[PDB]
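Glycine also receives a Cβ, built like all others from the backbone with ideal geometry; neighbour counts cover every protein chain displayed. Throughout, read-outs are computed from the coordinates displayed, never taken from laboratory work.
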Amino acid sequence: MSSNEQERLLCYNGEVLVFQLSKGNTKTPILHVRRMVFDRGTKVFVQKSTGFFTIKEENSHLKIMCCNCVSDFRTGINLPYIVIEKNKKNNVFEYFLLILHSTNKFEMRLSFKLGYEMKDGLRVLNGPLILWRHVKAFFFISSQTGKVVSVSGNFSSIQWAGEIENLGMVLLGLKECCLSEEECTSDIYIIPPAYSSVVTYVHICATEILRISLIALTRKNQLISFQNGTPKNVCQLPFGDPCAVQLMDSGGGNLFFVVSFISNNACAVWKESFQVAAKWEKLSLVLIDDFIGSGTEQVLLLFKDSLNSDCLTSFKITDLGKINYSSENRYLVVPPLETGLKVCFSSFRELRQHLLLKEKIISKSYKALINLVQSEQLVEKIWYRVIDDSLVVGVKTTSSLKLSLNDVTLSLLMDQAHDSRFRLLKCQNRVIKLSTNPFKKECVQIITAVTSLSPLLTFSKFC
Amino acid sequence: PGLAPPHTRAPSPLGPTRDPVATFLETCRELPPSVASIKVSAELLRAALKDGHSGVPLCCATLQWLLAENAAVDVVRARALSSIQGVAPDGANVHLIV
Amino acid sequence: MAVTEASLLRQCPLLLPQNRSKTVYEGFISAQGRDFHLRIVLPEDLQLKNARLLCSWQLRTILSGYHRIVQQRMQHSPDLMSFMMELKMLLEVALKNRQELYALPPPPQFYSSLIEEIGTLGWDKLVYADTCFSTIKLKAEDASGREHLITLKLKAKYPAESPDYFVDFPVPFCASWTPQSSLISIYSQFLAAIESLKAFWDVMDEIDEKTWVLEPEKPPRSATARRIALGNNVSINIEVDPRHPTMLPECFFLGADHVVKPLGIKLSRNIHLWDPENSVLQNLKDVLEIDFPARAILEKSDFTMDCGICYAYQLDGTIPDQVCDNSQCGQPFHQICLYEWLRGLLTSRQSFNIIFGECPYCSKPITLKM
Amino acid sequence: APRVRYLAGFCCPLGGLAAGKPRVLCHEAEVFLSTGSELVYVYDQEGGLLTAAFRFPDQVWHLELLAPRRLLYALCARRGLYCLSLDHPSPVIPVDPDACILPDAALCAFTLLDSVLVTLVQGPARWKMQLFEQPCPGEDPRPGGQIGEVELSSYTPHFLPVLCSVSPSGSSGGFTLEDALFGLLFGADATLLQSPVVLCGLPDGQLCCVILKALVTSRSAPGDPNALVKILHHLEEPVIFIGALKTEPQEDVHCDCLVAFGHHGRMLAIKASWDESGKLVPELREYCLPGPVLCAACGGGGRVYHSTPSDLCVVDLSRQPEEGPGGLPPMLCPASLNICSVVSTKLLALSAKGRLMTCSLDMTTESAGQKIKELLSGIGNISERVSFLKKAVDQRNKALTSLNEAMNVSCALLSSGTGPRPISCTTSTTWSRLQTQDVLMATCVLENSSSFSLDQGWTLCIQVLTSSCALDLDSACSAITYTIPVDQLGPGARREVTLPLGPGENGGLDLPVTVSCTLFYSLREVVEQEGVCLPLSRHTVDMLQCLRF
Ligand SMILES: [Zn+2]
Ligand SMILES: [Zn+2]
C-alpha cells in the first residue's frame, strides 16, 4: 500500500522488511523499519531489529512508491532501496531515493524534485537508477550523474529493464529496440514482432553471444519460452490480467515461475513441464527467499488485511515439496511418514537422473545407426526462394562432385508432425551451369528443386 | 471393395477429415446412421424386370437393375446378393438393402 | 516368435543393437516395473562362451550373491535370448527376496487412506508401526480386560489385496476380505474370535493362577499344553481340545514308576466321574482325589539339567556335564551331543583335542576338551 | 537454530558469477572475499557488517593471506600483485600504486609458502614458473631477487590454472602430507631435502608439480623445465581444485590422500596401497561426479564440500583401498561457487546469485496432527511430479522400442540374405488414357512381407530419373522426385502409388527411364546433419514394358 499510515513489504537476505510511515505528532511522519525473521520453533515472524528516519518539512502526502533490492554501483552490495514521494499541494513532488545499511541507518542519494507526479512503469535498476514515463516520455536519473535525463528514442512500452554482460544497462520496450541508458542505442535474436502485439511482460534469464534465452507472459493468459526466439514450451494460465514472473529454485533443478496476477491471485508453474503445479487466491503479496535457512528458495504467500489490522498474520510459507508451514497419541506413524517423504524425494532425484540416462542412450544409438549404414563437404549450402505458387530450393556444389559421372537429384521431405495425412509431394529438378567472368576458370554448378506452395501452407507453416 | 472379385488388400482411402482451408482456418485461429427407404409393388417390379433376365425373382434382380450402370453389377449378378456395403466418393460407408 | 529377430524385440524391448553386426547391445532390461542399464559386447561371432557384459552400480549391488550364477550362465547358455530370460527371472527373484529396500507405494491412496482408517478406529488401538509402514500390530481388549495383539503385514496396495494377519491365539483366525472391507472389517472379525474363545482362556488363566505350571514360563496365548507339577519330582502334562475346553484332555504323568502307577489306576477307575459342567481343576481334584501344590518351588521351578540337544539325562552312562560360559544360557550338554553338533558348524575350529565353536542356544564361545 | 544464515549479497550479473575466479577466505572471525570483480571485501563475522572495502583496478583473481605478518595479497589481472597490511590506518578504500610489487602484469596465478612467493606467469606458448624471496623481517614489503624461473614447456594455450603448496612431514597456508605418500609421488629428492612442492593444475587439465629446492637459477644457469617440472596425471578436462584429506581420523593434520577436480567432474583422488608386490604402489581413481563442478573445499574427515549449478553436494572418501563410487548428497544449497572449509563442520560460500551465507551443518496434542497434515501435503506436493517423470520415462521407452524395430529392419535391409525380405517395392508399367492421349504410368507397389511395422517417422522417397549422359545442354527437367509419408504400415501390408512418366510436353518420352525407390528414417518426428536414407530397388522401364498391341 501507499499512504501516510500505510506500509510496504520486501525481502532482504532471507528475511522480511516492513517500511511503515507513521504520523509521530512535535513533527511530521517518520519512516519506521522492522526487519523480521522466521522462528521455526514458535513458527512465526519475530522482530529482530527496528529503524527510524525523521522527515523535516510539515507538508502532508508522504508516500512509499516502490521497494526492492538493487545493488549500489560504488560498493556492489545488494541493498534495499526505497522511493519516497513528498507532495506539498504545490503541484511539486520531491521523489527521494533513500538507501538502508547493515546498521539499520538511512542514506540520501537523489532529491530529483519534479513539479508533475510520476506514475507508470517505475523500475529501480542497478546503479541506484530511477526510470519512469509519462505520455510516451521516458526519463531516468542515475545516482552517478545526479541529473534528470531523457531517453532520445520514442517507445510505447518499456517491458524489461536491467544490466547485461558487456553493455552495462539496457531496455526492451519494443522487441527489436535494444538501448543503452547513456548513449541511447544487437536487436537481432530477440522474440518475433508477431508476439510484440500480445507480450505485456518479459523476463530474461540468460545471455550468450548475441543469443538471449527468455520468457514471456501475454494478455491471453499464456506463458511461453524462447531459445534464440524459437517459441517453445507454452502453458495456459488459469487467471486473468497477469502482471509479472519471479524465479524460485526449490533445490536441484526444481525451478518454478511464480507468476502474480492483477486479480490478487498467483501461480507457480513448474519448469521441466510447463504446467500449473499450484495456484492460490487473494494473495495480498508474494516473496521468493529462504526464510528458514535451509539453503534453497521458497515462496511466502500473504493473505488479506480483512483478517487482522496486522501484516504477517495469515501467511503460508512453502517450498512446494518438503516444507509447508501456516497459521490420541498418533506419533508412531511420524518416523514412517518423514521416512516416506525423504524416500519419495530419493525417488524424484533418482528418476531425474534415470530420465537423463535414457535421453543419452537414445542419442548414442542414432549416432550408432549413422556409423551403422556408413568426411569431405560435397555440398556448399542450402538456400530457398518463393516465386509465385512455386517453391525453388537450391544448393551450390563443390569441384569434388562430378556430374559427368554422377546422376543426381534432390527431393523435399515433409514433417508428419505438421502433415497429419498423406498428400504425395512432387519436386522438379534442374542442373544450372554458369561460367563466372569468362573474358582453371570457375564454372558454378547449382542444383535446385521446384514444387507447389499452397499445398504446404495448410498449417500456416511447415518444415 | 469388401465384396470385390480380387479379395486383395486395398488401403482405406478415408476422404480428408477436413478441407485444406478449414484446417488452415483452425490453425490460424488458436452418432447414428442416417437412413432412407422406399416400398414398391412386387407386381410392378415383376412386370418391369420380366424380359426376365434370370435368377431369383426379386431383391437380387431389383439390386441388379438398380446398379446395371455401376461396373460392379456382374459380380453381384453371380453371387445373387440382395444387401451390400459400398463406400462413396467422400469415403462415408453405405449399406443398401432390398 | 521363434527366431531371436522379433522374439528378442518382444522379450527385451529396450535392448538396441548399436553395431550393424549385432554385437554391441546397450540400454535397458525390465524387471518388476523398473529398467536396468546393461552393455553386452559379443565377440565378432555369437558365442557367449567368451563375452563382455558390464553393469551399472545399481545392477551389481542388486546382483550381489549371484555373480557366479551369471558368470556360469554366460559359459553354459546357447543363445542371448535364453540368457536374457534367465537374467530377467534372476533379477525378479533378487528383488522379491530383498523386498525390504524397494517400495514405491502410490501415496495418494496409501499413506492418506491408512491415516483415515486408523482415525476411524480411534487412537488407543495401534501399538506399533515400522518406519517403512510395512508392519503394523494392534491391540484389542476382552470383556475380562485381557490385551490381545495382532501383526498385519501390508503390501504396496493395502485396499486391493488382503493384508496378511499374523496372530497369537490357538485356532486359525479366518478373515472375510473384500476390497470394500478395511481395517475395521478384519478388526471386527478379530473381536468376534475374542468373544468366541473366552472359555478356553478362562480355563488356562485359572490353571496358571492356582497351580505350578512348569515348562512354559510366562506362557503365550497359543499354548494348549501345561506341564503341572504336583507333589515333588513327579509332573503331569495336559493338552486341551480348544472348542470344548471343559471336556477331558489327553493326560499323562512323568516321574517315578512306583509313584505314577496308583494315580493312573485311580484315573482309569474315576474317569466316568468327569463332567464338562464344572472346571478342569474341579474335575481333576475329584478324579485324582487330591489337591495340588500352588508353586511348591516358584524360583527353582526347573532348570532342565538335561542335554539340551537330545533333552535326556543318561545317554549311555554320560551325564549333562559340559555347560555354557554364560549367565543367560547355562545350558548343560553331553560331550557326545555337543561334539556331534559343533563338528558340523562353519564357525568352530579344532585344536589338538580341543574344539572352540558357538553354544547352540545363545551363540557364544564354548570350548569342548575331549 | 537456522542451519544457514545471511551475511550479504551483492551486484550480480544475470544468472550469477562465473568460476575459476571469485575467492573467499576465513581468518578467525575475519573474512576475505572477492566477487571476481574490482572489489575485495572484509566482513566482521560476528555481525555481518563490513570492516573494509578495497577498490583495485581490474578484477581481483585471487587472495591469500599471511596471518603472522597480518598481510593480504591480491592479484589484479593486467597489473601485478598488490600487498596490504590489514590494520591500515565512506568505508571504501582505493589502493595507491605505492602498494604494488612486481608489476609483472602478465602473472595470472600465485601462491605463498612460509616466506617464499610463487607465481605462474603468462607469456607466449610457454607459461613459466617464477619464484621470489619474500622478506622474513618486518620491512618495506619487497620482492627481493627472483630465485628461479622455469617454463611449463608441455603447456601451450575464462579458466585460470592452479598452484598448490604441499609440505612433507616435520617441516604455512598449505597442505602437509604424510611421508608414505610424499615419497610415493614426488620421489627421494623431495623426501630427503624435506622440500615443499608446488602443484600446478592448468586448463589442458595437465596437473604438474615442481620441487622448490631444485628451482634456484640465474642468467648463467637457466632452469630446464623438461627435468625440473613434472606431470602427475592428465585429467582430460580443466582443473578447478586440488586438495588433501585426513582419511581414517582415528591444525597441522598429517593428511593421507590427494584430491583433483575436473570442471565436468572427473574427480581424481590418490593414496598409498603398499600391496600385492610387497611394494608401495599408487592408488588411482577417476570418479565421475555430476555436472559442471564449479568450486570445491575440504572439511573434517574426508568430506569434499563441492557445487554443481543444480545444488551444493558432498563425497566422503573415509570408508581394497579407498572406494568403488562417490554417490553424493546435497545439503540442499544451490550452486555456490567459491567455497571454503575451516575445521573446529562450519563452511563459508558465495551463492551463484550474489550471496554470502554461512552454512553451519550438524510430543504435542494436535500439533503432532499439523505435523502429519504437513508431511502428507508434502508427499502430495511430490507425487504429482514423480507421476510426470513416470510418463516422460514412458515416452523415452516407446522411442527406444520404435528405434529398436527401425535398427533391426535397417540391419535386415543392409544384409544380402539373397531375398529382400523385410520390405519390397515392385514397380510396373501401365498404359492408361487421359483426355485424348495414351499415357505411360508406373504403379509402384510397396509391400511389407515381414513382421516389422514401419511406423511414424518413416517416409518413401521416389525419384524418376531420365535418360543418362549429362549433355552440352542441360534440359528443363533432369528428374522428378515424389516423397510420401508411410504411416503405421504393418506386416503383410501394402501401398500402391501411380506416377506418370509419359509424354507431357512435345510428345517426348526418352528411354530408358529408371525409377528409384528409397526410404528415410526421421529421428525428430517421433521426438552436423542427421537422418538416414536406405535404398530399396531401382526399376528400369524399357521399351518392352511400354509397347502396346
Ligand atoms: Zn545327549
Ligand atoms: Zn549358551
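Got at least one residue in segment C:281-295 being away from chain D (no Cβ under 14 Å), within 30 Å of C:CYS251 (Cβ to Cβ) and within 16 Å of ligand 2 (Cβ to nearest atom)? Can you show your working first?
If we filter segment C:281-295 for residues that are away from chain D (no Cβ under 14 Å), which is where we start, we get C:281-295.
Within this subset, residues satisfying the condition of being within 30 Å of C:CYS251 (Cβ to Cβ) are C:281-295.
So of that shortlist, the ones also within 16 Å of ligand 2 (Cβ to nearest atom) come out as none.
No, that holds for no residue.
Where in segment A:86-167 are there strands (runs of 3 or more DSSP E), lying fully within it, with 1 or more residues that are in contact with a strand residue (DSSP E or B) (Cβ under 8 Å, 6 or more places away or on another chain) and within 19 Å of A:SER2 (Cα to Cα)? Spell out the reasoning first.
Values: elements: A:96-100, A:106-110, A:130-134, A:137-141.
The strands (runs of 3 or more DSSP E) meeting that bar are A:96-100, A:130-134.
Which of the residues spanning segment A:383-407 are within 11 Å of A:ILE447 (Cα to Cα) and part of a loop (DSSP other than H, G, I, E, B)?
Applying the first criterion (within 11 Å of A:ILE447 (Cα to Cα)) to segment A:383-407 yields A:383, A:392-397, A:403.
Result: A:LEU403, single match.
Just one of the numbered conditions (1) closer than 17 Å to D:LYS21 by Cα; (2) out of contact with any strand residue (DSSP E or B) (no Cβ under 9 Å at 6 or more places or on another chain) is not true of D:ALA109; which one?
(2)
Quick grid of which residues meet (1) assigned to a loop (DSSP other than H, G, I, E, B); (2) touching a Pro at 6+ places or on another chain (Cβ under 6 Å); (3) within 20 Å of A:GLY253 (Cα to Cα); (4) among the β-branched types (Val, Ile, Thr):
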{"site": "A:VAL286", "(1), (2), (3), (4)": "no, no, no, yes"}
{"site": "A:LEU312", "(1), (2), (3), (4)": "yes, no, no, no"}
{"site": "A:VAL333", "(1), (2), (3), (4)": "no, no, no, yes"}
{"site": "A:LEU341", "(1), (2), (3), (4)": "no, no, yes, no"}
{"site": "A:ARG349", "(1), (2), (3), (4)": "no, no, yes, no"}
{"site": "A:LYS358", "(1), (2), (3), (4)": "no, no, yes, no"}
{"site": "A:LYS381", "(1), (2), (3), (4)": "no, no, no, no"}
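So which residues in segment C:32-54 are surrounded by 19 or more Cβ atoms within 10 Å (Cβ to Cβ) and away from chain A (no Cβ under 13 Å), if there are any at all?
Scanning segment C:32-54 gives C:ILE40, C:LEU42, C:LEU48.
Here's a check for you: in segment C:296-313, which residue that is away from ligand 1 (no atom under 12 Å from the Cβ) and of a type in the set (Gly, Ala, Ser) is nearest to C:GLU340 (Cα to Cα)?
Looking at residues that are away from ligand 1 (no atom under 12 Å from the Cβ) and of a type in the set (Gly, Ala, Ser), I get C:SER301.
Here is a list of conditions, (1) under 25 Å from C:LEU230 (Cα atoms); (2) assigned to a loop (DSSP other than H, G, I, E, B); (3) away from ligand 2 (no atom under 13 Å from the Cβ), and C:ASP321 meets all of them except one; can you say which number that is?
The one condition C:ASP321 does not meet is (1).
Mind telling me which of the residues C:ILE366, C:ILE355 ends up being within 11 Å of ligand 2 (Cβ to nearest atom) and part of a strand (DSSP E or B)? Quick ask: steps written out before the conclusion?
Numbers: C:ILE355 fails: within 11 Å of ligand 2 (Cβ to nearest atom).
On inspection, the qualifying residue turns out to be C:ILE366.
State whether one or more residues within segment C:135-147 are within 30 Å of A:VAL343 (Cα to Cα), hydroxyl-bearing (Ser, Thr, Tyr) and part of a loop (DSSP other than H, G, I, E, B).
Of all residues in segment C:135-147, those within 30 Å of A:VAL343 (Cα to Cα) come to C:135-139.
Next, from what is left, pick out any that are hydroxyl-bearing (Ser, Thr, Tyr): C:135.
Then keep just the ones that are part of a loop (DSSP other than H, G, I, E, B); that gives none.
No: zero hits.
Go through (1) away from ligand 1 (no atom under 15 Å from the Cβ); (2) on the phi > 0 side of the Ramachandran plot for C:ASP316 and report which single condition fails.
(1)
Exactly one condition in (1) within 16 Å of ligand 2 (Cβ to nearest atom); (2) within 22 Å of C:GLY255 (Cβ to Cβ); (3) not hydrophobic (A, V, I, L, M, F, W, C) is not met by C:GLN314; state its number.
C:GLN314 satisfies all of (1) within 16 Å of ligand 2 (Cβ to nearest atom); (2) within 22 Å of C:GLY255 (Cβ to Cβ); (3) not hydrophobic (A, V, I, L, M, F, W, C) except (1).
Name the residue, out of D:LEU33, D:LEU25, D:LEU17, that is under 27 Å from the mean Cα position of the chain (by Cα), crowded, with 16+ Cβ neighbours inside 10 Å, under 24 Å from D:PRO135 (Cβ atoms) and more than 10 Å from chain A (Cβ to nearest Cβ). Don't jump to the end; show me each part of the working.
Numbers: D:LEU33 fails: under 24 Å from D:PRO135 (Cβ atoms); D:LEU17 fails: under 24 Å from D:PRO135 (Cβ atoms).
Of D:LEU33, D:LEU25, D:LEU17, the one residue that is under 27 Å from the mean Cα position of the chain (by Cα), crowded, with 16+ Cβ neighbours inside 10 Å, under 24 Å from D:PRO135 (Cβ atoms) and more than 10 Å from chain A (Cβ to nearest Cβ) is D:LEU25.
Could you please find all residues in segment C:100-126 being in contact with a helix residue (DSSP H, G or I) (Cβ under 8 Å, 6 or more places away or on another chain), more than 9 Å from every other protein chain (Cβ to nearest Cβ) and assigned to a helix (DSSP H, G or I)?
C:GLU117, C:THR120, C:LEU121
Return the only residue of C:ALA223, C:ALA229 being under 28 Å from C:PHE169 (Cα atoms), away from chain A (no Cβ under 14 Å), surrounded by 17 or more Cβ atoms within 10 Å (Cβ to Cβ) and away from ligand 1 (no atom under 16 Å from the Cβ). Can you show your working first?
On the way: C:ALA223 fails: surrounded by 17 or more Cβ atoms within 10 Å (Cβ to Cβ).
Matching residue, one of C:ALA223, C:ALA229: C:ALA229.
Does segment D:358-417 hold any residues that are among the basic types (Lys, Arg) and more than 30 Å from A:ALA368 (Cβ to Cβ), and which are they? Let's see the steps before the verdict.
Filtering segment D:358-417 for residues among the basic types (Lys, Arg) gives D:371, D:373, D:385, D:390-391, D:396, D:398.
Listed by number, the residues that qualify are D:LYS371, D:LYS373, D:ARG385.
State which residue is surrounded by the fewest Cβ atoms within 10 Å (Cβ to Cβ) when the search covers only segment C:303-320 and only residues that are under 22 Å from C:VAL213 (Cβ atoms) and hydrophobic (A, V, I, L, M, F, W, C).
Across segment C:303-320, the extreme among qualifying residues is C:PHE303.
Within segment A:400-439, count every residue that is within 30 Å of B:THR17 (Cβ to Cβ), more than 7 Å from chain D (Cβ to nearest Cβ) and charged (D, E, K, R).
Here the count works out to 2.
Every residue in segment C:353-370 that is more than 16 Å from ligand 1 (Cβ to nearest atom), within 21 Å of C:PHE303 (Cα to Cα) and not charged (D, E, K, R), please.
Selection gives C:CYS362, C:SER363.
In segment C:1-31, how many are away from chain A (no Cβ under 14 Å) and of a type in the set (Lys, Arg)?
Going through segment C:1-31 one residue at a time, the tally reaches 1.
Does segment C:60-77 contain any residue that is within 23 Å of A:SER365 (Cβ to Cβ) and either of a type in the set (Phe, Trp, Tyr) or touching a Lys or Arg at 6+ places or on another chain (Cβ under 7 Å) (or both)?
No - not one qualifying residue is present in segment C:60-77.
Being surrounded by 13 or more Cβ atoms within 10 Å (Cβ to Cβ), among the hydroxyl-bearing types (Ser, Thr, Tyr) and farther than 30 Å from D:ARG495 by Cα: is that true of A:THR409 here? So that I can check it myself, show each step before the final result.
Values: surrounded by 13 or more Cβ atoms within 10 Å (Cβ to Cβ): yes; among the hydroxyl-bearing types (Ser, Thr, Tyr): yes; farther than 30 Å from D:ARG495 by Cα: no.
No.
Which one of D:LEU511, D:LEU489 is more than 8 Å from every other protein chain (Cβ to nearest Cβ), farther than 30 Å from A:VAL444 by Cα and of a type in the set (A, V, I, L, M, F, W, C)? Talk me through it step by step, then tell me what you get.
Numbers: D:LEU511 fails: farther than 30 Å from A:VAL444 by Cα.
Just one listed residue meets the conditions, D:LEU489.
State which residue is nearest to A:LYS441 (Cα to Cα) when the search covers only segment A:372-382 and only residues that are within 11 Å of chain D (Cβ to nearest Cβ) and of a type outside the set (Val, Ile, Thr). Break it down into steps so the answer makes sense when it comes.
Narrowing segment A:372-382 to residues within 11 Å of chain D (Cβ to nearest Cβ): A:372-374, A:377, A:379, A:382.
Then keep just the ones that are of a type outside the set (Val, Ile, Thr); that gives A:372, A:374, A:377.
Numbers: A:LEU372: 40, A:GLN374: 35, A:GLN377: 21 Å.
Among them, the one singled out is A:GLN377.
Residues in segment C:324-352 that are more than 10 Å from ligand 1 (Cβ to nearest atom), of a type in the set (A, V, I, L, M) and not in a loop (DSSP other than H, G, I, E, B): how many? Quick ask: steps written out before the conclusion?
Filtering segment C:324-352 for residues more than 10 Å from ligand 1 (Cβ to nearest atom) gives C:324-331, C:339, C:342-352.
Then keep just the ones that are of a type in the set (A, V, I, L, M); that gives C:342, C:345-346.
Subset that is not in a loop (DSSP other than H, G, I, E, B): C:342.
Total satisfying the criteria: 1.
What single numbered condition from (1) surrounded by 15 or more Cβ atoms within 10 Å (Cβ to Cβ); (2) of a type in the set (A, V, I, L, M); (3) within 14 Å of another protein chain (Cβ to nearest Cβ); (4) more than 27 Å from A:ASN166 (Cα to Cα) fails to hold for A:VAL234?
Here A:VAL234 clears every test but (1).
Filter segment A:314-331 for residues that are surrounded by fewer than 17 Cβ atoms within 10 Å (Cβ to Cβ) and part of a loop (DSSP other than H, G, I, E, B) and give the result.
Scanning segment A:314-331 gives A:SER327, A:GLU328, A:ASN329.
For residues in segment D:348-376 being within 11 Å of another protein chain (Cβ to nearest Cβ), of a type in the set (A, V, I, L, M) and not in a helix (DSSP H, G or I), which is farthest from A:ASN78 (Cα to Cα)?
Restricting to residues being within 11 Å of another protein chain (Cβ to nearest Cβ), of a type in the set (A, V, I, L, M) and not in a helix (DSSP H, G or I), the top hit is D:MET363.
Return yes when C:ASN278 is more than 15 Å from ligand 1 (Cβ to nearest atom) and surrounded by 14 or more Cβ atoms within 10 Å (Cβ to Cβ) and no when it is not.
On the way: more than 15 Å from ligand 1 (Cβ to nearest atom): yes; surrounded by 14 or more Cβ atoms within 10 Å (Cβ to Cβ): no.
Criteria not met by C:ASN278.
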